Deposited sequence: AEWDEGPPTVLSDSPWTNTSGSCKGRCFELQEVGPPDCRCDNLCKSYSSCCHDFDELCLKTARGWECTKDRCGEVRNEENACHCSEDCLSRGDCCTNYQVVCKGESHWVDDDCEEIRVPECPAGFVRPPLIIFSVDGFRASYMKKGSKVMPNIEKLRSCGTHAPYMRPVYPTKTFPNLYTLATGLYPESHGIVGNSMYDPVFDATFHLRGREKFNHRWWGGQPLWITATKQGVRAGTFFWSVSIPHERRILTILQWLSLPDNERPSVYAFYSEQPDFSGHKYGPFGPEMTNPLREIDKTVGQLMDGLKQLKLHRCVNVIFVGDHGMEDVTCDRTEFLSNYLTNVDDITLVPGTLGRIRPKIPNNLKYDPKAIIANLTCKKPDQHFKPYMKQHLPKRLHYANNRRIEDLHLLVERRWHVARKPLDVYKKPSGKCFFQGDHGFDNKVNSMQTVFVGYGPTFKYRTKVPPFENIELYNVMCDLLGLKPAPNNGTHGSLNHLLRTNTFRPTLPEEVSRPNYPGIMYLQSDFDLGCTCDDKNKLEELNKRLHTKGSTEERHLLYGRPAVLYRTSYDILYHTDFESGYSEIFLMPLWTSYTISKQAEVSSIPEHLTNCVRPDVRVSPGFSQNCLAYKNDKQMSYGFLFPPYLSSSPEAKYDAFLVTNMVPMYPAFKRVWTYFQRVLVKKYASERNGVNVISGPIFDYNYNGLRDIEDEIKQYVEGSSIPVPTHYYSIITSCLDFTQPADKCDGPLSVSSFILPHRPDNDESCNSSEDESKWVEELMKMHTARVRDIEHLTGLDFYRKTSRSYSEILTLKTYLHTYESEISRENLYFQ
């Protein structure tokens, strides 16, 4: 209970941690209705607006006013932000030339540059193109500071998952805010964005920046603001806190605005009405910068200008209805709109039949504007599966569309797949620790927490960023990354077995003495060093004319297979006599090998090869491609994809990129946590055998960023694209799979694009250990996602 008759005199926006039964005066008190009865009158002053006028200059200080233009206001830290411009002939910050801030220029008493995060809801990255004509203050931040052309949000591209991701460095599946709306079947409770439950700490996981700071002795200003507090007052409050005594002044601050999200929803991203809210936001930025300048802090503070997600054209006319596909929609609950999550209306309703539902939702309309997924089948890049709050049944919705349960005041919405262009949002960093007039490649918002930690001298809590991947944003305070230690060293087996030692049921139509040393194989096909294996296991390096692999004696297949294809390389067919050829590998024990019998017995499982026979350098070398140690279990459905990739696409990539280096391999993630499975977690084997079945297959495709140089002779920076393809028994995901592979396979692969870093989590491997590049630059390379947009 709150004793409300207390007073907010000399307590306005206190940073005091205060609870029941006492009165509160902080920026969240209204959200709990726990404000002292005089909070409004004392703390939310609105008198005479937010700007000094010439007639107010030198006024006698009236404490009734929202802000002051009195002679004393500067020391008391409560001038209106334009005070000096109007009364002291100063210029607005925006009208001053940009000057590089080489070191922090802070008043005495400041020990480190403060950090202010200026967050804007629904600020689509392409809004920046409007420039200084519309947003002159923001355009100055952007061009003088450090900027990305866009920042990638997390999926779902809505507010609560994205804000909490910014604050923690964690994917939603990890921090627990997997949506604006959620149901937790263990709590048997519903989370609503507005409502009582969301204030319960039990929903929120990980460790947000304000906690990380506090726990390490760095004071934070309160990040959240009760919605009724006007933006002008939020700014004045931040400024006032910045004028506090040395022993009270916070080091980190956050502002937030619900715009331009609100107007975007009403009028759509390209609506003419969007100009006004954007001007209004810019004005708030100008107030902050003018205020910092008055305080002599405009070359002292680091400012981050950042959004949670973008905004797409979405209207009532573009709504799919589940009732068009399903008979009894009143028995399910749907989280609707720009994504779909389905559960039975009655929790744990036994008659709930998700397989039948999915079947009715699969490719039933030629123009179908969503696609059903069991969550473990969603593209791995979304990292959206490992949480009890994420329904098994998901609908990825096509950009510009809505899905609803059954049968216009809006023109815009967001929430779609986070690689969609309209969903991209903004990042600008300005201040002494940031670079001057520097553009950086787009990056994911999960990376920001580490950097904000660096900016504040903090040690980040465990998170999903890759610390160091954003060192190129910063002048100083960079984080020196260290290469992870190899845990398992490889063996280099020679000939140790006789063809007669082998009894695998394999057959092949193969001079005796002419029947594999290192030589130049490493330098030709393994360009960036061997991957390091970061877990305890047993594996062998195997060399070949056309490829190298790190073969696992535990999982009975390569962990990685590496090869280079030159621009001019030739694609050849598999000779008729070799169609079913599998050859034992005398370097490897028959006990550590697969066998062809298990495949003959398994009516549903077939096999493929990691190095493709189609790209062998010679008919002789081609026999290497048929080694049992190059073999992997593949469903016939998957083989349609894999053979098309191997036979047609790799060559196409080599032609287009002036050669390519390829690293392919298996991934096991049966528990859908995005992490390499341990042995006990694998759930499927080839029939009657111990050959484990991968849940996915990866490929990492590298070339020279300077495409004029061949991939194998690259001097400088690298270019990479990767995928993690789901290993599935059907092509139900591809609505056009009945057609030739030229009509559907690349579309599937594009959806399952991935970062090398994603593959590293899933494999326990560490790539690119041996290059001519800095480790930070390599970290940047590993977090790159090729999006095809």
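Student: Report the unmodelled segments of the deposited sequence as residue ranges counted from 1.
Tutor: Missing C-alpha atoms (numbering from 1) occur across the ranges 1-15, 423-432, 536-538, 544-546, 821-831.
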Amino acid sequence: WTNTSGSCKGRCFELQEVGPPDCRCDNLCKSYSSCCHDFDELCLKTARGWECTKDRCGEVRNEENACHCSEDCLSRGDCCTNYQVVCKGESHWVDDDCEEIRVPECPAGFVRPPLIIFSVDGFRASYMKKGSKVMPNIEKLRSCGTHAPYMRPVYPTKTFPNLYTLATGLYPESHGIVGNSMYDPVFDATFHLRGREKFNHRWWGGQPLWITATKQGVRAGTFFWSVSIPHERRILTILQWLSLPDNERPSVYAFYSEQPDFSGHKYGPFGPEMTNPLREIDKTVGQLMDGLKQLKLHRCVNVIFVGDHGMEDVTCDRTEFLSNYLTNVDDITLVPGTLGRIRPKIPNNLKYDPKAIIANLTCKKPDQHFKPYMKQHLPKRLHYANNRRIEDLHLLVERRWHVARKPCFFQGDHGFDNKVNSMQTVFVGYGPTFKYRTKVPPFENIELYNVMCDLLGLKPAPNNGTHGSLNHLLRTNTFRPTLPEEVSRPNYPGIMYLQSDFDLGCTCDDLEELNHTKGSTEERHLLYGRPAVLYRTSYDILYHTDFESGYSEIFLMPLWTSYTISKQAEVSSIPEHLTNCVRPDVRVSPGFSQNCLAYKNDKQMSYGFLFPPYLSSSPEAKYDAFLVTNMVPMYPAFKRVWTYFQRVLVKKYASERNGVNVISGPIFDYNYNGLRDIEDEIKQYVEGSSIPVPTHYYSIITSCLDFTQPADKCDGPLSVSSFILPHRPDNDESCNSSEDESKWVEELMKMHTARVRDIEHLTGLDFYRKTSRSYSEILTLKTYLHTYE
From here on, numbers count along this sequence of modelled residues.
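Rigid core here is just the name for the largest C-alpha set that superposes within 1.5 Å across the two forms.
Student: Taking C-alpha RMS after core alignment, which stretch differs more from the shown form in 9 other deposited structures of this protein: 188-196, or 79-87?
Tutor: When 188-196 and 79-87 are compared in 9 other deposited structures of this protein, 188-196 lies farther out.
Student: Which of these two stretches, 346-354 or 526-534, has the larger RMS Cα offset in 9 other deposited structures of this protein when the rigid core is kept aligned?
Tutor: Taking the RMS over all superposed structures in 9 other deposited structures of this protein, 346-354 lies farther out.
Student: Please work out which of 553-561 and 176-184 has the higher mean CA B-factor as recorded in the PDB entry.
Tutor: Per the deposited B-factors, the answer is 553-561.
Student: Mean C-alpha B factor from the entry: is it higher for 388-396 or for 596-604?
Tutor: Mean C-alpha B-factor is greater for 596-604.
Student: Determine which member of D261, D246, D72, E548 has the highest CA B-factor, using the values in the deposited entry.
Tutor: Comparing C-alpha B-factors across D261, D246, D72, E548, the top value belongs to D72.
Student: Per the entry, which of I574, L295, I667, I235 tops the list for Cα B factor?
Tutor: Max CA B-factor in the entry, restricted to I574, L295, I667, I235: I574.
Student: Among the modelled residues of its chain, does the C-alpha B-factor of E512 lie in the lowest, middle or highest third?
Tutor: As the PDB entry reports it, the C-alpha B-factor of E512 lands in the highest third of its chain.
Student: Classify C735 as lowest, middle or highest third according to the C-alpha B-factor given in the PDB entry, relative to its own chain.
Tutor: Middle third of the chain for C735's C-alpha B-factor.
Student: Could you look up the Cα B-factor of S722 in the entry and say which third of the chain it sits in: lowest, middle or highest?
Tutor: Lowest third.
Student: Which third of the chain holds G291 when residues are ordered by C-alpha B factor: lowest, middle or highest?
Tutor: Middle third - that is where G291 ends up once the chain's C-alpha B-factors are sorted.
Student: Quick check for you: using the entry's CA B-factors within this chain, is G205 in the lowest, middle or highest third?
Tutor: Tercile = middle for this residue's CA B-factor.
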